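# Working through the structure, step by step
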Amino acid sequence: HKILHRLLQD
Amino acid sequence: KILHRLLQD
Amino acid sequence: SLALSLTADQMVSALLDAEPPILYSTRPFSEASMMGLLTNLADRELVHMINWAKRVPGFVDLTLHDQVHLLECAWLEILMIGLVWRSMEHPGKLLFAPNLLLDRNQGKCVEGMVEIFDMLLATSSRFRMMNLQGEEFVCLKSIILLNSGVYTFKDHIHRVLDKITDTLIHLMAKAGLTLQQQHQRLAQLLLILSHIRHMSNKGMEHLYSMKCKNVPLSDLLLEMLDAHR
Amino acid sequence: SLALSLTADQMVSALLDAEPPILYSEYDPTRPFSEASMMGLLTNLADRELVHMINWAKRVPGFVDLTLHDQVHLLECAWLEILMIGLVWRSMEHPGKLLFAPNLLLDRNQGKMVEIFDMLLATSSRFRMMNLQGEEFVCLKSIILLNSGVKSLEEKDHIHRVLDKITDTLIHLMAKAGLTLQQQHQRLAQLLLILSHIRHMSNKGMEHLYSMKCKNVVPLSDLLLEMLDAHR
Ligand SMILES: CC(C)Cn1nc2c(C(F)(F)F)cccc2c1-c1ccc(O)cc1O
Ligand SMILES: CC(C)Cn1nc2c(C(F)(F)F)cccc2c1-c1ccc(O)cc1O
């Protein structure tokens, strides 16, 4: 997984 | 330079 | 997609509204001090950029994986065009932040940095001699986000891009430019994106060198960097 | 000058007949592959194209108006971009294939190189869907030559005038083709956005063939070693 996946997700 | 002379010619 | 139904002036407003703020950062010389400051700044900016991108019309309509791809591909270009924009009123200066203005004499002390500093300063002057407008700037930014990774992999993105082109023209027209001046300015603006891409690639390389040559890098910064490998 | 005093039709005319020839590779199907040897084919092909590109650049309106040092700079900066867009143009009618030469058609299934391949393939696919025309292609190619690398630096202003000139030619071409104003503007942008992708492929490739050099394997003509070195 990746941090970008999370931040964009929000 | 090779390019320099080529440009001259 | 909502973006396609927006009017030119609605489009311009949404972009202005999604605009991230100008963040704040000891005259930096040496790799450590300069890169410590530059990375920290970029770290915080990336969080704003991400939430900015989510407010660019059409972007949200893409799958998460596609959003991730475009961000990974364009992040440094978007940081650089912002930097260049901020530096317009400061000839020979790079305004990384209101409290951090560097000139080329500081890039000189960092191996393989001055060349990129010079490139950024040149683009900044170019923007300036063109009287680049803020509304124009935001349009270029969205274009970079959507275009840079569109061929790195479609219809949707291309139409939204066309939409943005309509918006740029609309703006120049609203500014009183003639038809000829419109397509000439349009071309000039877009020709600079090629240079923006160039500075990003050379910068990305410089960073890989910095990474392997080990300043500490955030995990986010590390992931964005590895995306370009 | 003369470049500045040309009609759009004269401009398109100049560029068209200034076009370089399509060269053949040394590819031989009866001969075994090899990453190194297959690279030898590409470098050899590219090296011979450069000599033609050098003489093509001289016939790009307003290019010879520049000092030699500025001509060298522009070439050093754009050489690979120009080879790649020429390559992409040659491969338009060959979906999933890259036509390096009439006797050398390659698909992504070959190379060590695939990533850059897909970028070129994607670009060529872009030309097809846009139905890019030859007249438009020669304009894009001359724009790259003048744009990619742009005191007495009044040469910069001269390059810009020529660039504005070519922009008018593009619009002139689209208009005569029957496009509405909106369609012209849009198509102009679409073409210019592609140049950004060409710059990218150039930089990726440049960093790649830099390794090949250091990797001490593939032969590089002293001209390629020069051009490459310009980017380091
Ligand atoms: C520090 C890095 C994550 C971002 N960065 N990098 C820059 C470079 C170079 F290291 F690639 F050479 C040169 C010039 C600016 C660079 C930036 C950068 C750009 C914009 C910004 O707002 C903050 C930055 O650190
Ligand atoms: C071999 C080099 C001088 C030129 N080159 N390199 C290419 C690459 C890569 F090695 F960078 F990966 C990928 C695809 C094409 C490449 C070319 C090349 C481009 C156009 C052309 O007419 C001939 C070429 O060898």
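Before reading further, recall that the structure is shown in the block above.
Below or above, wherever it landed, is the structure these notes cover. (Residues numbered from 1 in each chain as written, not as in the entry; some residues may be left out. Chains lettered and ligands numbered in written order. Heavy atoms only, no water. Residues with missing side-chain atoms left out of burial classes, pairs and counts.)

### Describing the site of ligand 1
All names here are of chain C.
- Taken together, 16 residues form the shell around ligand 1, and within it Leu38, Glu45, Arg86, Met113 and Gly203 come nearest.
- At a separation of 2.5 Å, an oxygen atom of ligand 1 approaches a polar side-chain atom of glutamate 45.
- One nitrogen or oxygen atom from the side chain of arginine 86 is found 3.1 Å from an oxygen atom belonging to ligand 1.
- Relative to its unbound accessible area of 510 Å², ligand 1 is 99% covered by the protein chains.
- Elements with a contribution of two residues or more to the shell around ligand 1: α3 (31-53), α4 (64-86), α6 (114-129) and α9 (179-212).
- Among the elements that take part in the shell around ligand 1, α3 stands out by supplying five residues, more than any other.
- Taken together, the residues of the shell around ligand 1 sort by class into eleven nonpolar, three polar and two charged. (Near = heavy atom within 4 Å. Polar contact = N/O pair within 3.5 Å; in protein donor to acceptor, adjacent residues only side chain to side chain. Areas by Shrake-Rupley, 256 points an atom, 1.4 Å probe, with all protein chains shown as cover. Helix = DSSP H or I, 4+ residues; strand = E, 2+ residues; numbered from the N terminus. Nonpolar A, V, L, I, M, F, W, Y, C, P; charged D, E, K, R; others polar.)

### A short note on the interface of chain D and chain B
- Taken together, the contacts link twelve residues of chain D with eight residues of chain B.
- Summed over both sides, the interface between chain D and chain B buries roughly 1,000 Å², with carbon and sulfur atoms accounting for 74% of that surface.
- At the junction of chain D with chain B, the criterion picks out one salt bridge.
- Measuring nitrogen to oxygen at the nearest pair gives 2.5 Å for the salt bridge that ties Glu76(D) to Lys1(B).
- Of all the secondary-structure elements, those providing two or more residues to the side of chain D that touches chain B are α3 (68-90) and α8 (222-230) of chain D.
- Class assignment for the residues of the side of chain D that touches chain B results in seven nonpolar, one polar and four charged. (Contact = heavy atoms within 4.5 Å. Buried area = accessible area lost by both parts, 1.4 Å probe. Salt bridge = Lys/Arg side-chain N within 4 Å of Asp/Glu carboxyl O.)

### As for the interface of chain D and chain C
- Contact residues are listed per partner, giving 30 residues for chain D and 31 residues for chain C.
- Elements with a contribution of two residues or more to the side of chain D that touches chain C: α4 (114-130), α5 (134-147), α6 (155-176) and α7 (181-214) of chain D.
- In terms of residue count, the dominant contributor to the side of chain D that touches chain C is α7(D) (16 residues).
- Residue composition of the side of chain D that touches chain C, by class: eleven nonpolar, 13 polar and six charged.

### Brief notes about the environment of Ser194(C)
- Note that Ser194(C) resides in helix α9.
- Its relative accessible area of 3% is what places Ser194(C) among the buried residues.
- Setting aside residues no more than four positions away along its own chain, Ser194(C) makes contact with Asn147(D), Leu195(D), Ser196(D) and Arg199(D).
- A polar side-chain atom of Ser194(C) sits 3.2 Å from a polar atom in the side chain of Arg199(D). (Buried < 20%, exposed > 50% of the residue type's maximum accessible area, 1.4 Å probe, protein only.)

### Brief notes about unusual backbone geometry
- A positive phi angle is found at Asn131(C), which is not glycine, with a value near 55 degrees.
- You can see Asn131(C) is positioned in the loop between α6 and α7 (134-147).
- Located in the positive-phi region is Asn131(D), a residue other than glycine, with phi close to 55 degrees.

### Structural notes on the packing of aromatic side chains
- With the rule as written, the count across this model stands at five aromatic pairs over all chains.
- Ring geometry for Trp89(D) and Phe137(D): centres 4.9 Å apart, planes at 10 degrees, overall stacked.
- The exposure class assigned to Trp89(D) is partly exposed, which follows from its relative accessible area of 25%.
- Between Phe100(D) and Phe117(D), the aromatic rings sit 6.1 Å apart at their centres with planes inclined by 40 degrees, giving tilted as the arrangement. Judged on exposure class, the residue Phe100(D) and its partner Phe117(D) are both buried.
- Positioned above the aromatic ring of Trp52(C) is the side chain of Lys141(C), whose terminal nitrogen or guanidinium carbon lies 4.3 Å from the ring centre. (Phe/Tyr/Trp six-rings, centres within 6.5 Å; stacked < 30°, edge-to-face > 60°. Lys NZ or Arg CZ within 6 Å of the ring centre and 35° of its normal.)

### Looking at the packing of α5(D) against α7(D)
All names here are of chain D.
- At their nearest, the axes of α5 and α7 sit 11 Å apart, and the two run at 50 degrees to each other. Judged on the interaxial angle alone, α7 and α5 are oblique. Where α5 crosses over α7, the two elements pack in a sense that is right-handed. Contacts between α5 and α7 pair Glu136, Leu140, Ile143, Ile144 and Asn147 from the former with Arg187, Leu191, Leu192, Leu195, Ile198 and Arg199 from the latter. (Axes fitted to C-alpha atoms, helices over the stretch in contact; angles between N-to-C directions. Parallel < 35°, antiparallel > 145°, perpendicular 65-115°, else oblique. Left-handed = near helix turned anticlockwise from the far one by under 90°.)

### Some points on the pattern of salt bridges
- Counted according to the given criterion, the structure contains 18 salt bridges over all chains.
- With its nearest N and O atoms 3.4 Å apart, the salt bridge here joins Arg5(B) to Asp9(B).
- Here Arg5(B) falls in the partly exposed class, since its relative accessible area comes to 42%.
- Close ionic contact of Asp9(C) with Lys174(C) constitutes a salt bridge, the shortest N to O distance being 2.6 Å.
- Classification of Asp9(C) by relative accessible area gives partly exposed; the value is 37%.

### Examining the site of ligand 2
Residue and element names in this part refer to chain D.
- The local shell around ligand 2 holds 14 residues, among which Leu42, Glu49, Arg90, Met113 and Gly205 are the closest.
- At a separation of 2.8 Å, an oxygen atom of ligand 2 approaches a polar side-chain atom of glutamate 49.
- Within the side chain of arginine 90, an N or O atom sits 3.2 Å from an oxygen atom of ligand 2.
- Secondary-structure elements contributing two or more residues to the shell around ligand 2 are α2 (35-57), α3, α4 and α7.
- Per element, the largest residue contribution to the shell around ligand 2 is four residues, and it comes from α2.
- Residues that form the shell around ligand 2 fall into these classes: nine nonpolar, three polar and two charged.

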